[PDB]
Amino acid sequence: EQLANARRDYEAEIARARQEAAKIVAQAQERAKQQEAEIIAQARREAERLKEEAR
Amino acid sequence: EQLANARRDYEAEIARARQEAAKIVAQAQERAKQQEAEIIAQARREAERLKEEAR
Amino acid sequence: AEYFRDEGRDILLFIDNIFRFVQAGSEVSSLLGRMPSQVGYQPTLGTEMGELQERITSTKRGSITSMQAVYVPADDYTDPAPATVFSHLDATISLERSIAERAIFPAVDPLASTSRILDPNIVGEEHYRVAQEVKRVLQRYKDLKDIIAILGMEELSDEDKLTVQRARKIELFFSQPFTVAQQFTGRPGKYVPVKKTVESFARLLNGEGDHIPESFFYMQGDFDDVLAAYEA
Amino acid sequence: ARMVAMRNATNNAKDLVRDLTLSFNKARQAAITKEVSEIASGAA
Amino acid sequence: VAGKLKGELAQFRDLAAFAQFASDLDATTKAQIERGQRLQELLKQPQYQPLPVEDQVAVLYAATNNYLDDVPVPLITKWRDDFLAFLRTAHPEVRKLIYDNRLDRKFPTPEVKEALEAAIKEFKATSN
């Protein structure tokens with residue numbers, strides 16, 4: 056029965072790992088979108104600042 | 056053996072998730088780094104043209 | 237200050253950076269055409285110090301006690317200005333950064349703070365005795381700190397544990413509440429006469445301070461106050 | 243081995259003191275020359 | 393934030409005498425020398441790259457609160473640069489929050505305390 060405890064534990068732990076992996080990639084995907092947008096805004100704001108100081 | 060395999064598979068799945076997570080942000084960032092250089096370049100050329108108008 | 241001294245009232249006179257007074261004298265002499273003496277200092281250094289420090293004295297009608305501050309260029313005590321200043325000193329108080337940063341507000345280092353009054357023929361036999369028993373356990377600056385550092389106290393130090401406890405207790409006990417800081421730290425200031433100091437430290441060195449943990453000698457006026465805090 | 247190492251260290255320490263004392267004496271004389279130059283110049 | 397910095401750096405300077413020679417020091421002294429080295433490598437700033445007050449506060453809070461202990465010494469400067477890129481891109485709001493309430497008597501309020509330890513934890517989990 057302890058082996059049976061190991062069998063369900065082994066299956067459940069992997070299921071948690073795949074579930075955690077989905078959350079990890081989802082967090083990375085949301086970070087990737089946020090970082091891309093923020094860099095765009097910072098670059099656009101910096102570009103406008105260059106124009107204003109040039110003027 | 057089941058417990059050792061469970062820990063090995065749990066660590067491998069998480070590490071695999073983190074490795075691809077690092078890949079996502081790496082390619083997402085470099086997409087922004089090349090884009091921000093383009094944004095700066097457009098304003099830099101625009102600033103030079105405005106300097107010519109002053110001349 | 238001399239006006240009030242002539243009025244008979246005791247006066248405490250503070251001179252901040254008397255070394256700057258020496259430096260001003262040196263610059264005045266250099267601009268006046270006098271030849272320099274020693275390291276560019278004025279030839280009339282001793283007399284200029286005498287004409288000022290000799291007015292700080294206790295006559296029969298009144299006294300002017302002085303508590304000056306001395307800045308030594310670099311760390312050179314051989315310099316003529318600190319030497320001439322020290323020739324007219326009766327006591328030195330060395331505030332220390334480490335004691336100040338250990339939350340003990342009066343940072344007067346128990347060591348490196350000497351006085352020529354600390355002899356039996358003026359303060360008294362008991363005062364000298366108690367002031368010698370203290371600063372003796374600290375005479376090493378608790379040199380035992382190094383052996384603790386490299387030995388983990390060796391899990392046992394016998395008497396050294398008692399002497400370390402007593403030294404820490406005394407170091408904590410040197411602190412005293414400030415009546416001027418009462419409105420800042422929210423604690424009434426206690427004025428401790430010299431008799432209370434000597435009696436309290438005599439009892440502490442005898443051992444009445446034992447069986448009482450630290451943080452009870454941190455910020456109090458008398459040993460009686462420490463006992464009252466302990467019983468409460 | 244410790245006795246040999248300490249004896250070598252003490253010999254090196256004593257040699258260093260002699261070297262430092264030799265250097266200190268040069269600095270002592272140069273300090274005097276500097277003072278005897280400023281005071282003589284300040285006299286004139 | 394900088395009081396602990398100054399105290400730890402001073403004690404590391406004091407213990408450098410043992411660090412230079414002794415190799416039998418306990419784990420406490422070894423970890424404390426390691427922390428001193430962490431702080432010293434943190435202070436290694438390049439030229440023409442000033443750090444605003446919010447950035448320095450964030451980095452020093454991260455370092456003095458043991459979030460940097462597992463980072464090896466040679467990579468601490470790169471860690472700081474990456475962390476600043478993280479705050480400048482991923483979480484500008486934490487920088488705005490730190491700079492907004494840098495004058496309050498008790499700066500480490502749970503509000504500023506959260507969303508900053510969270511940012512440090514996210515950065516630690518994502519990289520290395």
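Those sequence lines, one after another, are chains U, V, D, G and B.
In short: position in the first sequence from 1, add 55, done, that's the deposited numbering.
In short: position in the second sequence from 1, add 55, done, that's the deposited numbering.
In short: position in the third sequence from 1, add 236, done, that's the deposited numbering.
In short: position in the fourth sequence from 1, add 242, done, that's the deposited numbering.
In short: position in the fifth sequence from 1, add 392, done, that's the deposited numbering.
Yeah, the Cβ is synthetic: ideal placement off N, Cα and C, and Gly gets one too.
On a Cα-Cα basis, can you pick out the residue from the options that is closest to residue i?
i: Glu-287(D); options: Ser-294(D), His-324(D), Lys-426(D); result: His-324(D)
i: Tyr-239(D); options: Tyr-427(D), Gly-282(D), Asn-253(D), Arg-291(D); result: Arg-291(D)
i: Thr-518(B); options: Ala-72(V), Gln-57(V), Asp-64(V); result: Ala-72(V)
i: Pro-272(D); options: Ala-285(G), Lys-276(G), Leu-264(G), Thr-275(G); result: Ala-285(G)
i: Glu-107(U); options: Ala-76(V), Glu-107(V), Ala-98(V); result: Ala-98(V)
i: residue 470(D); options: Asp-396(D), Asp-242(D), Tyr-277(D), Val-359(D); result: There is no way to answer for residue 470(D), as the model of chain D reaches only from 237 to 468.
i: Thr-469(B); options: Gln-441(B), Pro-484(B), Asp-461(B), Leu-435(B); result: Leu-435(B)
i: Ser-451(D); options: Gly-443(D), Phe-409(D), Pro-424(D); result: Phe-409(D)
i: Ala-96(U); options: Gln-82(V), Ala-96(V), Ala-87(V), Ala-83(V); result: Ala-87(V)
i: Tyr-454(D); options: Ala-339(D), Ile-386(D), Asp-326(D); result: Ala-339(D)
i: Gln-437(B); options: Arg-494(B), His-483(B), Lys-505(B), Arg-472(B); result: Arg-472(B)
i: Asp-326(D); options: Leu-354(D), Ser-334(D), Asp-311(D); result: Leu-354(D)
i: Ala-438(D); options: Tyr-427(D), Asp-458(D), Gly-422(D); result: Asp-458(D)
i: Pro-442(B); options: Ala-482(B), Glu-506(B), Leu-476(B); result: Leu-476(B)
i: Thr-295(D); options: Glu-395(D), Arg-241(D), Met-303(D); result: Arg-241(D)
i: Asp-461(B); options: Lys-516(B), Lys-498(B), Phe-410(B); result: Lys-516(B)
i: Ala-61(V); options: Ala-76(U), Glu-75(U), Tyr-65(U), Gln-82(U); result: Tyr-65(U)
In this structure, how does DSSP classify residue i when only helix, strand and coil are distinguished?
i: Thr-301(D); result: strand
i: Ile-247(D); result: strand
i: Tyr-277(D); result: strand
i: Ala-417(D); result: coil
i: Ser-351(D); result: strand
i: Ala-102(V); result: helix
i: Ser-323(D); result: coil
i: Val-504(B); result: helix
i: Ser-294(D); result: strand
i: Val-344(D); result: strand
i: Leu-435(B); result: coil
i: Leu-331(D); result: strand
i: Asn-250(G); result: helix
i: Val-308(D); result: coil
i: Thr-283(D); result: helix
i: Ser-266(D); result: helix
i: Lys-256(G); result: helix
i: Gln-424(B); result: helix
i: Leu-262(G); result: helix
i: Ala-243(G); result: coil
Would residue i be called buried (16 or more neighbouring beta carbons within 10 Å of its own) or exposed?
i: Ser-411(D); result: buried
i: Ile-79(U); result: buried
i: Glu-101(U); result: exposed
i: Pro-346(D); result: buried
i: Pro-500(B); result: exposed
i: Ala-282(G); result: exposed
i: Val-430(D); result: exposed
i: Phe-322(D); result: exposed
i: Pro-502(B); result: exposed
i: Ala-317(D); result: buried
i: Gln-90(U); result: buried
i: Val-278(G); result: exposed
i: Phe-266(G); result: exposed
Leaving out five residues on either side along the sequence, give the residues of the same chain with a beta carbon under 6 Å from the beta carbon of residue i.
i: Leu-441(D); result: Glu-369
i: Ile-448(D); result: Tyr-466
i: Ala-348(D); result: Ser-330
i: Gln-429(B); result: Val-465
i: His-363(D); result: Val-434
i: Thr-350(D); result: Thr-328
i: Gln-456(D); result: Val-462
i: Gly-261(D); result: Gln-278, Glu-284
i: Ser-436(D); result: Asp-458, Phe-459
i: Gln-259(D); result: none
i: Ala-411(B); result: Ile-425
Return the chain-ordered list of same chain residues with a C-beta closer than 8 Å to the C-beta of residue i, the five sequence neighbours on each side being excluded.
i: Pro-279(D); result: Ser-265, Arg-270, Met-271, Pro-272, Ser-273
i: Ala-319(D); result: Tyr-313
Which residues in the same chain have their Cβ closer than 7 Å to the Cβ of residue i, if we skip the five residues on either side of it in sequence?
i: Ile-512(B); result: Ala-454, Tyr-459
i: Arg-63(U); result: none
i: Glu-400(B); result: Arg-427, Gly-428, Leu-431
i: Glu-332(D); result: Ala-343, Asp-345
query = With contact counted as at least three CB pairs below 8 Å, one residue from each stretch, are the stretch 398 to 415 of chain D and the stretch 373 to 389 of chain D in contact?
reply = In short, these stretches touch, since the Cβ pair count reaches three.
ask   = Does the count of Cβ pairs from the stretch 249 to 261 of chain D and the stretch 307 to 318 of chain D closer than 8 Å reach three?
value = At 8 Å Cβ cutoff, the stretches touch.
query = Are the stretch 242 to 251 of chain D and the stretch 58 to 71 of chain V touching, with three or more C-beta to C-beta distances below 8 Å?
reply = Counting Cβ pairs under 8 Å, fewer than three are found: no touch.
Stretch-stretch touch, CB-based, cutoff 8 Å, three pairs: the stretch 442 to 452 of chain B with the stretch 490 to 509 of chain B = Yes, the stretch 442 to 452 of chain B touches the stretch 490 to 509 of chain B.
message = Any contact between the stretch 416 to 432 of chain B and the stretch 253 to 265 of chain G? By contact I mean 3 or more CB pairs, one from each, below 8 Å.
response = Result no; under three Cβ-Cβ pairs closer than 8 Å.
query = In chain order, what residues of the stretch 56 to 82 of chain V put their CB closer than 8 Å to some CB of chain C?
reply = Considering every chain present, this structure includes no chain C. Its protein chains are U, V, D, G and B.
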